[PDB]
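As written, the chain order gives the labels A, B, C, D and E, with residue 1 at the start of each chain.
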Amino acid sequence: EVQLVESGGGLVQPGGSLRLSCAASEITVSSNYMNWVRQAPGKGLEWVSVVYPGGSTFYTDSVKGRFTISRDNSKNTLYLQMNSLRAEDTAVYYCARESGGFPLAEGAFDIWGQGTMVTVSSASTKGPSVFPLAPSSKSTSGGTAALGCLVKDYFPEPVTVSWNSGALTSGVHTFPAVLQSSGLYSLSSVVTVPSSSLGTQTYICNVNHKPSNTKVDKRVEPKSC
Amino acid sequence: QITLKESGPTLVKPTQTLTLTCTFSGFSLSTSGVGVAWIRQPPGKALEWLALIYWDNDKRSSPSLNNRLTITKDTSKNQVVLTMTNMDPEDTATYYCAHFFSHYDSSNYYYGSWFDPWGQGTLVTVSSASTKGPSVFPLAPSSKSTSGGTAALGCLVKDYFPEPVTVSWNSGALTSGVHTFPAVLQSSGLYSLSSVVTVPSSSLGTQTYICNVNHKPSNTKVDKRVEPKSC
Amino acid sequence: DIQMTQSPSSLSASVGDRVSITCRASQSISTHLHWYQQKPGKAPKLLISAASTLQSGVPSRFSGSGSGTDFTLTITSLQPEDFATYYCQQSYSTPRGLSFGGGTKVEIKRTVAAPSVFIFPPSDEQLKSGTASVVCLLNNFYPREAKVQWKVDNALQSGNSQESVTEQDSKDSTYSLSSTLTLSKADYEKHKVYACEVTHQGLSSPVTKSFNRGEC
Amino acid sequence: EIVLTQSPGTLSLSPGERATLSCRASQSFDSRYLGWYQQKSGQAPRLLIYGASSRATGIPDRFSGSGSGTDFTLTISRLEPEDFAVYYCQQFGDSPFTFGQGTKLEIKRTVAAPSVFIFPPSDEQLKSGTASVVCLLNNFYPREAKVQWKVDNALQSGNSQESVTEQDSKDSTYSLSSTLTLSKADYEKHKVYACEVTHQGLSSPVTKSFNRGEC
Amino acid sequence: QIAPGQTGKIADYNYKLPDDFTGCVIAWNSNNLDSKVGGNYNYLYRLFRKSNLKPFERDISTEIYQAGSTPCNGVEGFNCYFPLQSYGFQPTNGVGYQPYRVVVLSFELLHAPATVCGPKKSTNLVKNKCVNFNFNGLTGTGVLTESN
């Protein structure tokens, strides 16, 4: 039952301190090569820190002087201390085992953790705003129309969008959120439906944000020109 | 300059052991970068490396035949001994012993390694049979008058073991249009070759033709006269 | 300071195909490299160790080869669950020479589908707060390659376009794209016509989508 | 294992033109592990080039090589009749160290019309219980030629042997011998024995037949 | 890594130098001697160990290393491995992965009489002139001449 679980992630203001925990089961942290590797959202992997069974530690150039790695034998845990963080530290951290595997994979990573999210920003956490995107004034257009909702100015991720309280799931596209220049987030949730259904059926747009506890339900109705 | 000569029994019965010895002069098995290689080649097929020995007693053998391969060295007398066990009848080949040296220039860059001069090579045939004398049969020319003034005749040597057989015509007096095909191994572990000489039709009867067969393992020297035969 | 280049950046294949992925190093690293597979939403998994040794618990269809500055991974039959990201990582330099490579993504290959184009002008509700968002949406196109340009009152626009793309859907394996322009009401009231032009390989000619603010 | 393939299988030119050979490796290894050797007829192979980029001691400059990755090539500019032989390519990347199958360099000439001669078993052989009839194809170019043994207009198969000699140093032609061996019961139960030949330079197949009763 | 104050696998679990080391190190490349065309696998190094070695301490223990909670009984497994690993020396390997021969000399001076040290530099012998002389540590001034 070799298992590695990460904990201690979250959002911190720039320049603060943070602590990550890696709990290992069926393996010994004090007797094995342990690693912390961060992956930026959407980017590749990047080694950060390593600790030997004997106690020696290494850190990379961008993190040396600010990142600390330590072990705990009673709890069989690994502790990672972050001092003077920065926005470039926002990533997902994996606790990994080095030089393992059945065939003696020296220096190959066969055991990882589920990862923990570390975010560094000062975007003044707040609630989302929801705007309609009504279909154009068209009769049939081949029996095809598109409508949706635009969610703007929220922080932080995630956010949950639903249509007709779960009555509609087909033809729904929830685009990945994009981080804007002002530090906040925006995205769109669209759906393609036949034109003839635009007048009789009712459409309900629901956007829910847990950190802000904002639950916005509204209606998207076509307008006349 | 270096010399490497092979030696050892060339006639080995099936599923006994075989031992070959290579004697080398012009170099010694104490110089850095100097090794000795043993290679074999079945007749008509490509070469096949067998083993390598280094100056520092390091040994390398073929992974498939490593069960039945052994190599030893004698530095004072400069000999290399190669031993195989449980010989197979399909191992009939020719064996070579070769020098091995790699090139470095004061900086350890290893400009490749090569197989500099090899040995003469000794023929090894593994079969279960007994040496017997060859038999010559006169392949006389067909009863043709001129046929454009060209005909041919000769001898067929059969039932000899082991190789080789030397065939001469008029004690080597004639060398024009003399063809001796390579010997073929029959299914019964037996050999047979042909020696054909071309002569003018008008010269069929004015000159008598003798074909001489020599077989050292059977110590056989037989001369057969060939003359045209009628219907 | 070793860097690795992984080719191709993306490869298109179907079920039952052979896939060859290469990666190259700026210097010879013997065989100190391992190939990993990472699927979206989960940590990477070690597949090949020492660039030639298959790990225990890995399907035998995969294989590795190469030497020095070039390493290759060969897949005979691509099962439907083999669509993920593939990585090669080195451990050559001893002290702190651990570096990572680019990566290759494998996606489902299909025919070519023409995208459908829709437009959403900014609404009055959004214009209440002095912000305007113009949205151009393309649906059901494959492959993902396409280009979108923006025309404000028949003028070229760049540097103010925010684009999002959708991962392949479970039924059609096509992509959905949505571009938006965000502007202030002072700049939006000044102009009259707006448009988005889209050019796609499945489109014989680029498709325009234009709207006049004064008209509607 | 690492497998090296030589292209083409057989390459034949005239003395004077350029000869190109290729050796392809199954896998990828260092270019310094690839070498080429030369073997003549009935003589031990000798070192020719090492490291795939270096000439050996005394090797003429006509021989050159270039290659990388998994493919290498060897180039000869002005070849003389003293280098028509077999060439092997070899690797050192992974044990065991393997040799190429070899490519034979043949001297090219004009097409020659062969002669077919029939030699029935003689009395000295017609008494030991086994008879051998041999028919000879002489002075035929190229090496390719097909011979078929027939007894009483019936095509035999699997009971005959063939032998081909080394290429003539004076005419660049070939000699081929076809032998058919039978016993006394198999010899006296038929009448006429023949062999039929097809050659590239032959307009139509030529059959040489003989009757034992007549002559 | 073969220096005071270093860290690493060799510096910790293979060979550790004291921080007040006296003497020093001579090392040179030996690729032309320690390299084989098929790969030389005759030199081993310890990869797994529980704790760092003391200065001038050697460990020839060849027990199976335990990497988990389950104690194996001498048979290797998923978390039981041999603590020694073979090098991948190859003569074509780049500089940095090539064999190097290393000698470390340590000078010990105890209360016991000093015994090991360098040759004494002597000059020529001149006679019949007032000179400063030093024979075997005996110093003086005067004229040296032949004696009976």
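As a convention for this text, contacts are C-beta pairs under 8 Å (C-beta built on N, C-alpha and C of every residue); 3 or more make two chains touch, one makes a residue touch a chain.
Of the two chain pairs considered here, B-D and B-E, the higher C-beta contact count falls to B-D.
Each chain gets one centre point, the mean of its Cα atoms, and the points for chain A and chain D are 70 Å apart.
Chain centres here are Cα averages; for chain C and chain D they lie 57 Å apart. Inter-chain centre distance (chain A to chain E, centres taken as mean C-alpha positions): 53 Å.
Looking at chain E, residues 8-9, 37-38, 92 sit in touch with two or more other chains.
Annotation for chain B: residues 60, 110, 113 touch two or more other chains. In chain A, the residues touching two or more other chains are 102, 106.
Each chain pair that touches appears in this list: A-C, A-E, B-D, B-E, C-D, C-E, D-E. Those residues of chain E that touch chain C in the complex are listed here as 8-9, 88, 90, 93-94, 96-97. Listed in rising order, the residues of chain A touching chain E in the complex are 2, 26-28, 31-32, 52-56, 99-100, 102, 104, 106.
If you check the complex, the residues on chain C that touch chain E are 27-31, 92-95.
On the chain E side of its complex with chain D, the touching residues are 37-38, 92. In the complex of the two chains, the chain B residues touching chain E come out as 32-33, 54, 58, 60, 102, 104, 108, 110, 113.
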